[PDB]
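Peer 1: First the structure, then my questions, so here it is.
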Amino acid sequence: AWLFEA
Amino acid sequence: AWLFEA
Amino acid sequence: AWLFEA
Amino acid sequence: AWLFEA
Amino acid sequence: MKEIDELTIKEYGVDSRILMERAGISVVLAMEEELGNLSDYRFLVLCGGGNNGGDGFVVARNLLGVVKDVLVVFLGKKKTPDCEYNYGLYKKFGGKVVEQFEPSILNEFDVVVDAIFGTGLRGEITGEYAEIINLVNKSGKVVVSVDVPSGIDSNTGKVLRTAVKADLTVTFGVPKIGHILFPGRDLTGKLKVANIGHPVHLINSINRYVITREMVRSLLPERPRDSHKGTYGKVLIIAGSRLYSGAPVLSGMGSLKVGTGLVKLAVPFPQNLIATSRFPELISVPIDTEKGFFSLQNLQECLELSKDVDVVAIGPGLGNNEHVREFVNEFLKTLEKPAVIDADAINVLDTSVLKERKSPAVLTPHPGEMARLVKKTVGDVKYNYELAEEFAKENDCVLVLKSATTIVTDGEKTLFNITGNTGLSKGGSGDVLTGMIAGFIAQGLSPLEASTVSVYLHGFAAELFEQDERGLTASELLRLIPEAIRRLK
Amino acid sequence: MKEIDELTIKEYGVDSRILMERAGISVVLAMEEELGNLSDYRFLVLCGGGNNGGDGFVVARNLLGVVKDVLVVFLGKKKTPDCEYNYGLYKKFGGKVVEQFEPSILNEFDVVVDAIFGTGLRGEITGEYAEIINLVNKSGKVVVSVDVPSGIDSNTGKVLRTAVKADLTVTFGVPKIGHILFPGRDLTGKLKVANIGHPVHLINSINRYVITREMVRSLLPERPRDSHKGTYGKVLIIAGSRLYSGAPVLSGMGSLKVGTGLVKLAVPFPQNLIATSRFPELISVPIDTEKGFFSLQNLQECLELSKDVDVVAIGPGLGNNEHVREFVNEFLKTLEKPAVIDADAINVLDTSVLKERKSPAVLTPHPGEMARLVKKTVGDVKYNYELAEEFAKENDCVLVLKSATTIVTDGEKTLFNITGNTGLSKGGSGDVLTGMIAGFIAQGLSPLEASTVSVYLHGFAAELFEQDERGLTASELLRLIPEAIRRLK
Amino acid sequence: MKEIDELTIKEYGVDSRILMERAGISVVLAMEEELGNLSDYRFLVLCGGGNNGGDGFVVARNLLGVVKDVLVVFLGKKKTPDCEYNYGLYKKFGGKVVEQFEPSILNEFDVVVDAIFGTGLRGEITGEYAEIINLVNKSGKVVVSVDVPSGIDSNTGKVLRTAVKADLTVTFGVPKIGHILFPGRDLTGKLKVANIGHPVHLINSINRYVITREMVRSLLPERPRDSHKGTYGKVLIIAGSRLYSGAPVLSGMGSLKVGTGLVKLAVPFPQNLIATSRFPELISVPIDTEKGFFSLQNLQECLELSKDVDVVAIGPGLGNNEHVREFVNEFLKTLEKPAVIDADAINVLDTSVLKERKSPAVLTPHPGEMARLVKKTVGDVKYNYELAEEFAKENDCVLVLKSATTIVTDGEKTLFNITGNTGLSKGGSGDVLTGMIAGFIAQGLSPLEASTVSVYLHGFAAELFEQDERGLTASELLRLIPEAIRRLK
Ligand SMILES: Nc1ncnc2c1ncn2[C@@H]1O[C@H](COP(=O)(O)OP(=O)(O)OC[C@H]2O[C@@H](O)[C@H](O)[C@@H]2O)[C@@H](O)[C@H]1O
Ligand SMILES: Nc1ncnc2c1ncn2[C@@H]1O[C@H](COP(=O)(O)OP(=O)(O)OC[C@H]2O[C@@H](O)[C@H](O)[C@@H]2O)[C@@H](O)[C@H]1O
Ligand SMILES: Nc1ncnc2c1ncn2[C@@H]1O[C@H](COP(=O)(O)OP(=O)(O)OC[C@H]2O[C@@H](O)[C@H](O)[C@@H]2O)[C@@H](O)[C@H]1O
Ligand SMILES: [K+]
Ligand SMILES: [K+]
Ligand SMILES: [K+]
Ligand SMILES: [Mg+2]
Ligand SMILES: [Mg+2]
Ligand SMILES: [Mg+2]
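Chains as they are written, first to last, in our numbering: chain A, 32 to 37; chain B, 32 to 37; chain C, 32 to 37; chain D, 32 to 37; chain E, 961 to 1449; chain F, 961 to 1449; chain G, 961 to 1449.
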């Protein structure tokens, strides 16, 4: 979750 | 596949 | 068995 | 592998 | 295929004996794949005097030393050069031939290889030929037919007095029409098509094909994500009467289940209300009729409704009286949209109307309707693909002649469908197929492509029914269509 | 987002090079997550002269020494400071750049990283830019686009002459409108949104959002155990005609399946009986009409029926003639309840009526209906969120502009829905959505919240269909709604 | 690594702030991988005034808005430029710093990020620094150390008065010696090595490595199918005495289990019979001795036995008296084969003999034996890799200094082994390792390669013991070696 949102 | 088709 | 032996 | 080695 | 053999030998230069060797070994490999290890079986090889028999001698010679017992019964009088050559090999290899048999000969064998007649069959089978074939058929042994079961006419599928019933048929190059049409299709049992070394270009040039899963897959239209119902076409179904209120609903849902965007029914009032009580997705326009049947008084309303659609299906449940006949023919004469013409619209059709139409048409008769349409007997038209081709060509249409094997033709190209089962032998299944074809035309497939995809998917859906096929109904068939589509890809 | 970058640099003090480094590494991590171990792939990095290209140089430099091969094709003329700086690093690290390419260059590479143009795209792509993009698109290689696929306008989703088709797009901070609207949404492939170090407060301040599962989850109303049907509201649906008897049933069940307590239909007699024959849970009030369509003669009965409900939906299947127009407009002028206005009620709507209504409204046009409503072309209104916002603001309503990506706006806040598939591209699906919105308003959600939850759930239900999407029908969609709701929590 | 940072900044041109940003984010990603979703944890970030602290400020800033709570305790006086810059960012982002703490501050936090001291640690930790570190260590919170746990000297692994005990340490570029040697290795907890953007060429140039599975895998010799025992070498083991009859058996099987073709023991009679009663595969030559110990009277027989082998191992269980000393030194002076010198052969070794040998040698002391060999204390030699390197270089040998982390060096190249567990802390395990090294030399590996593969495999075999490690014995260790080998490939 910290780096990417889908 | 080379010899037979069904 | 008819065509190949291993 | 790109970011971390263990 | 006879031209294909001749060209492969005479122009490409493949020795006829090489083709025959390849034929025979392909039968051995096929049998191994079907029976497992062959070394414990005893084989009875029945050889005619032709090249079918020659194929049989290759089979027999190749089993020598490797199985428990081989015997050839040679039933011919004379032998062709390649049969004689291969008989010669069988015998140099230590093979036993006999030229007579006793009814009891089947006793000491487990597998019968049927190399009596192939594509060279001419006329009825009688005499010793018939009696050995009837003995084989009573024997309960495993039967493997070389090329075509002996006694099937390979151009028609008809039984010439008597024929072998095979568990396995191994054919060479391409399936023959007689493995595809009944009764031949039934006697063929499981069909394997062997590559025996013909140039692929020759095999691919054959003009009459079986509809396969891969063909249907590549015809299914695309579903681009940025789309809306208009992307997927609009169908009008003109159908039903006070007698036949169910047909419109089955045709309409048939169109929806194959992915059509909008489907409208025109059905006599109040029978139109039946459709939306079952499926409220459908639009079911009430048509005011004098006596519960379409007539000329509804011509103008139907042409109006037709202006806003891509295809019109007409006929299921219309009834057949003179007022329906007048309406159907004036409508089709004036309609400038593709038409799918079924059922009672076929029964009242004036075929002169088809010739003068500039727009395309698909006709979907069962043999009773085709017989009435061309003024012949059911027996003369059933499985008569050449008659279907002539009709399609002369009337500038696609003809879909329904039966256990369905023929789809535009007069140039002819396709055979072999999906389905006897659950479709029940009222309503035809009405579904009509909607399916209209639906695929609306989505942009040619009438021929639409018919090809629909007959395949319609039969495949029937096969996906979970319980006994005889209990399948049209409503259940509809529910299975989207599963058929998913399995296709 | 351009303001967001500028503020992060100029006021928060984050070096622009740090943002660019973070951008580039996030692309490497994204590719690893998608492709697995990168060490066996060969990478072709296509870099423009802008900051998109600068991001690309960071990608390339970070793959040096760790993958099988990297090559940069630099296609720009000049370089921005950060692009130049990162080009400089790539080269000090031992990187190979070339400034020309041969159609064959794609040969020796497995992955193309597309860093040609991002948000800086202006005007049509031509020349070498276009030709390399068309070569990439024909190459069948894996394509990873930096920020936005080059050639998509990131504010509209439109293709500026030609555009890259990506397998994976990695965007920074927030999704751009051009990943959300088509065709851009299609070319984006799989979208990953990377955090590159913007203050979260700036990211959260963006005024146009994608509707997510978490947002919809927190909007779903509560179901307290001590409740009864009145807890969950009452809907009146004014819908149907003698031509369109199905629409009311689909709208009514749409309200029931989202948890509404009581749903009443007003439908012309006898078409009202259709609804309860299918779903006897529905109340379907017969309206006496002269010719099968609502008219002023039914105004008083409908206002009466409206007094006892929390919301009224109007329009599906009403037909569009002058008597319907007179009825719809006088009704809405007098109705002092929230109104959900759809379909033919939109086609006959006098927008002056909307302005004078004190009660709220949601309008639910597809682009054809929106085009007719504002007297523009379908092409001018389709995906035109600024036009939707203006309309919503000027008419004091919520506008739900339906399409593969649906826009939901009240003029201030705008939400984009990306659930659904092409099974909804079929008559009836709209009628279901109308009932859903009315239903959620009845349960106490604002018109905007109701519309937000409903468009998400309506599309998600379609995705839960078990067979091929093209066979989905509205009736099946209804059955899937409660499963969509369960999956949401 | 300090030179590596300087070169990356000053010559390659990477902004020091970019390296620091990369450091900090790699800590966030590492923590996420270890703790799962970070959004529910509260973080206490302890920052010194140096660049370790600057890394810490990047960590803290990047958690802002995304986790439940962050607080920085800044414990330094002054700040380096990059620490100050990143402190500045943390604060512009809305971060809370405090410069004092109460013992109770650990109360309201779940995770402690230790960014107090990294490689810049100099001298003992005292004062507030010590007290916060002792509070952290008593707190039972999850501890994540930036680069090295604060208080470990990163060049030696020694604790400078007090040190942080971490659950997770994230280090940059390469592991430091202080994560590899104890006590530092113990305080490091789980070590992740993050790539922060150094040119790979610089990272790869580091001259002191951890022995990895991949390195050992690529060193394992080939087993070509057309081979025989001579392909795989011959070992002579000169070992044992009337006091120590077991050592020869463990060394001999150690050679056999790593794939050596023929192994011969020379052991005083009757103790030689012990070996073949246990393992009849071994050849165990009886040596006639006066009193049960090797002496000069056996010199000639041992040189004779040595002529037909590829390597000689000597020392396990020999005993240490003057006659053994005379024998061992005259033997090694005359032996012109690689020698593996262990145990009592080390205790009596005259190091002048090593210098004059033209043939190679590997010495395998534990720290007690190394201490006696160079006339220093156990404390001075334990983990003293620079002393090991000097000794190896001056005596032209490979030195294998055994301990929980084993050092393998030839004076130029130094490798650290981290496989194994405390089941090897028991008599006999050393004797096995001696045989393993001799075995691999016999199969054609260099003395350094042989030692590298053997220390890894010897420790890995111990880890494969199925029950509690403290019950592992040398005999069981032997049985596990071929499983260790299989797992390596
Ligand atoms: N054994 C079978 N195997 C495979 N397919 C079959 C089988 N039996 C029938 N079918 C298929 O089922 C469909 C039946 O279509 P129709 O013969 O038109 O039958 P039906 O649905 O009863 O027709 C409905 C009505 O319309 C008019 O033809 C007539 O008034 C009839 O009552 C065709 O596609 C046909 O190929
Ligand atoms: N490819 C797609 N992907 C996702 N969603 C889609 C897609 N295609 C359609 N949808 C959704 O399906 C719904 C279709 O709504 P309508 O366009 O109103 O279609 P429909 O149900 O056919 O309308 C019924 C009737 O009412 C009047 O508009 C008109 O008389 C029409 O016949 C919308 O929510 C739309 O976003
Ligand atoms: N905690 C540990 N973790 C990992 N490895 C360990 C650990 N403890 C011991 N080892 C390993 O076990 C082996 C022990 O070797 P030695 O110290 O030589 O111990 P040992 O087998 O008892 O020696 C046998 C005999 O020979 C002479 O040294 C002396 O006479 C001794 O009694 C070495 O490889 C060492 O690295
Ligand atoms: K035959
Ligand atoms: K791009
Ligand atoms: K630290
Ligand atoms: Mg029919
Ligand atoms: Mg609609
Ligand atoms: Mg020892």
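By construction, the Cβ of each residue, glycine as well, lies at the ideal position given by its N, Cα and C atoms.
Assuming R1430/G and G1383/G are in contact, meaning their beta carbons sit under 8 Å apart, how far apart are those beta carbons, in whole angstroms?
Peer 2: That belief holds up - the Cβ atoms of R1430/G and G1383/G are roughly 6 Å apart, short of 8 Å.
Peer 1: Under 7 Å between beta-carbons, which chain D residues line up against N1155/G? List them in chain order, please.
Peer 2: Those are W33, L34, listed as they occur along chain D.
Peer 1: For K1118/G and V1124/G, I'd like the C-alpha separation in whole angstroms.
Peer 2: Cα to Cα, the separation comes out at about 12 Å.
Peer 1: Would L1424/E count as contacting chain F if we go by Cβ distances under 8 Å?
Peer 2: Answer no: the Cβ-Cβ gap between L1424/E and chain F never drops below 8 Å.
Peer 1: Would you mind working out which of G1399/E, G984/E, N1012/E, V1005/E sits nearest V1033/E, comparing C-alpha positions?
Peer 2: For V1033/E, the nearest C-alpha among the options comes from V1005/E.
Peer 1: Counting only C-beta atoms, is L998/F closer than 8 Å to chain D at any point?
Peer 2: Cβ-Cβ to chain D under 8 Å: yes for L998/F.
Peer 1: Which parts of the stretch 1022 to 1088 of chain E are runs of the beta strand (DSSP E), unbroken and 3 residues or longer, counting only runs that do not cross its ends?
Peer 2: You should have 1029 to 1034, 1071 to 1075.
Peer 1: Helix, strand or coil for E36/D? Go by DSSP, reduced to three states.
Peer 2: It is a strand residue.
Peer 1: Check the Cβ of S986/G against every Cβ in chain D and list those closer than 9 Å, keeping chain order.
Peer 2: By Cβ distance, chain D contributes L34, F35.
Peer 1: Against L989/F, what residues of chain A qualify as contacts under a CB-to-CB distance less than 9 Å, listed in chain order?
Peer 2: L34, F35, listed in chain order.
Peer 1: Can you give me the C-alpha to C-alpha distance between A1410/E and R982/E, rounded to a whole angstrom?
Peer 2: Their backbone Cα atoms lie some 38 Å apart in a straight line.
Peer 1: Using the beta carbon as the reference atom, which residues fall closer than 7 Å to any heavy atom of ligand 5, ordered along the chain?
Peer 2: In chain order, the hits are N1012/F, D1074/F, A1075/F, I1076/F, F1077/F, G1078/F, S1105/F, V1106/F, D1107/F, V1108/F, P1109/F, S1110/F, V1124/F.
Peer 1: Can you grab the Cα-Cα spacing for the pair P1246/F / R1202/F, in whole Å?
Peer 2: Roughly 12 Å separates the two Cα atoms.
Peer 1: Could you round the C-beta distance between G1055/F and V1030/F to whole angstroms and report it? I think they count as a contact, below 8 Å.
Peer 2: Confirmed, about 7 Å.
Peer 1: How is the beta strand (DSSP E) around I1112/G delimited, first residue to last?
Peer 2: Neither: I1112/G is in no beta strand (DSSP E) and is coded neither H nor E.
Peer 1: Check whether the stretch 1068 to 1080 of chain G and the stretch 1108 to 1117 of chain G touch, using three or more Cβ-Cβ pairs below 8 Å as the test.
Peer 2: Contact holds: three or more Cβ-Cβ distances are below 8 Å.
Peer 1: According to DSSP, which residues form a beta bridge with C1357/F?
Peer 2: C1357/F pairs with nothing; no bridge assigned.
Peer 1: Does ligand 7 have even one heavy atom less than 7 Å from the beta-carbon of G1390/E?
Peer 2: Because some heavy atom of ligand 7 lies under 7 Å away, the Cβ of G1390/E counts as near it: yes.
Peer 1: Taking 7 Å as the cut-off, is the C-beta of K1217/E nearer than that to any heavy atom in ligand 1?
Peer 2: Incorrect: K1217/E has no Cβ contact closer than 7 Å to ligand 1.
Peer 1: Does any residue of chain D have a CB that is nearer than 8 Å to the CB of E993/F?
Peer 2: No, no contact with chain D.
Peer 1: List the whole-angstrom C-beta distance separating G1279/E from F1253/E, where the pair is believed to meet the contact cut-off of C-beta under 8 Å.
Peer 2: At roughly 5 Å, the Cβ-Cβ gap stays under 8 Å, so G1279/E and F1253/E are in contact.
Peer 1: Across which residues does DSSP place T1369/E in a beta bridge pair?
Peer 2: Bridge partners of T1369/E: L1359/E, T1374/E.
Peer 1: Which one of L1210/G, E1174/G, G1219/G, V1176/G has the shortest CA to CA distance from residue 1451/G?
Peer 2: Residue 1451/G lies beyond the residue range present for chain G, which begins at 961 and ends at 1449; the question has no answer from this structure.
Peer 1: Go to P1320/E, then tell me how far its alpha helix (DSSP H) extends in each direction, as first and last residue.
Peer 2: Premise fails: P1320/E is in no alpha helix (DSSP H) and is neither H nor E.
Peer 1: For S1187/F, does the three-state DSSP call read helix, strand or coil?
Peer 2: It is coil, neither helix nor strand.
Peer 1: In this structure, does DSSP put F1253/F in helix, strand or coil?
Peer 2: The answer is coil: DSSP assigns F1253/F none of H, G, I, E or B.
Peer 1: Return the residue from the list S1406/F, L1438/F, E1426/F that minimises the CA-CA distance to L1417/F.
Peer 2: The shortest Cα separation from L1417/F among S1406/F, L1438/F, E1426/F belongs to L1438/F.
Peer 1: Going by C-alpha distance, which of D1127/F, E1372/F, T1311/F, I1198/F is nearest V1269/F?
Peer 2: Measuring from the Cα of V1269/F, the nearest candidate turns out to be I1198/F.
Peer 1: Consider the Cβ of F1053/F: report whether some Cβ of chain G lies at a distance smaller than 8 Å.
Peer 2: Judged by the 8 Å Cβ criterion, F1053/F is in contact with chain G.
Peer 1: Can you tell me the Cα-Cα spacing of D1304/G and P1208/G, whole angstroms?
Peer 2: Taking the straight line joining both Cα atoms gives about 13 Å.
Peer 1: Drop a sphere of 10 angstroms on the beta-carbon of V1341/F, count the other beta-carbons inside from all chains shown, and report buried for 16 or more, exposed for fewer.
Peer 2: With 16 or more Cβ atoms within 10 Å of its Cβ, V1341/F is classed as buried.
Peer 1: Cβ closer than 8 Å: which chain D residues qualify as neighbours of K1152/G?
Peer 2: What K1152/G touches in chain D: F35, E36, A37.
Peer 1: Any heavy atom of ligand 3 closer than 7 Å to the beta-carbon of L1203/G?
Peer 2: Checking the Cβ of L1203/G against ligand 3 gives no.
Peer 1: Assign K1217/G to one of two classes, buried (16 or more other C-beta atoms within 10 Å of its C-beta) or exposed (fewer than that).
Peer 2: It counts as buried.
Peer 1: When DSSP builds the beta bridges, which residues end up paired with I969/E?
Peer 2: Per DSSP, none; premise fails for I969/E.
Peer 1: Looking at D1428/G and ligand 3, is the gap between the Cβ and the nearest heavy atom below 7 Å?
Peer 2: No, ligand 3 has no heavy atom inside 7 Å of this Cβ.
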